[PDB]
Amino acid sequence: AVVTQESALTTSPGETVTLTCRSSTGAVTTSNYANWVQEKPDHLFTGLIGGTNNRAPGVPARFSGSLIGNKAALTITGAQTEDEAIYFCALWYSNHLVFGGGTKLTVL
């Protein structure tokens, strides 16, 4: 299985932007337990959401996860300047975890 994300997306401060996660095997299901992880400059990683829509404690409420159509999605509602970073999704396939290529989010 191969996981695909948008290479790069551009948004503006305060706007709503949606990042997606694609599974090459078919539609993303709740059994894929989609995760979303954020990478900030200087190799600073933070987990945001797991199990599709479960936010880790302490993560800003503006980050939400869901399944939209055949993919898993990360919605950033009211993008902040500090949200500019690389976002990785990872899907579970019944024994192993596979990361997407990551999405570079630019916030104008």
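The first residue of the shown sequence is 1; numbering continues from there.
For residue 62, the recorded CA temperature factor ranks within the lowest third of the chain's modelled residues.
Per the deposited record, the Cα B-factor of residue 53 falls in the middle third when ranked against the other modelled residues of its chain. The entry lists a Cα temperature factor for residue 79 that places it in the middle third of the chain's modelled residues.
When the modelled residues of the chain are ordered by C-alpha B-factor, residue 107 sits in the middle third. In this PDB entry, residue 3 carries a Cα temperature factor that places it within the middle third of its chain's modelled residues.
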